[PDB]
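Some notes on the structure that comes next.
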Ligand SMILES: [Cu+2]
């Protein structure tokens, strides 16, 4: 009936990286497109994610898709 956000773009700060469970915990800045406030959320690294080098405390720009309870990363990189 109308447009559905598929890819959500956001910025935030990395708070945890767990490469066993393939989970990056990010405290994201408000996200206008979805009317979200600041939130800490878990994002999933899949084999299709385009990863860049990141570490806890890095500000990042990232894009993800929601799949049920998962937020699957399309890409993530350090940002200004
Ligand atoms: Cu959120």
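Numbering (PDB author numbering), first residue to last: 9 to 88. All residues carry an ideal CB built from backbone N, CA and C; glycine is no exception.
- Assignment of beta-bridge partners to residue 65 by DSSP yields no partner.
- Straight-line measurement puts the Cα of residue 49 at about 10 Å from the Cα of residue 78.
- The continuous beta strand (DSSP E) containing residue 83 extends over residues 78–86.
- The bridge partners DSSP lists for residue 53 come to none.
- Remark: the C-beta of residue 69 is outside contact range of ligand 1, defined as less than 6 Å to any heavy atom.
- The three-state reading of DSSP puts residue 11 in coil, since its state is none of H, G, I, E or B.
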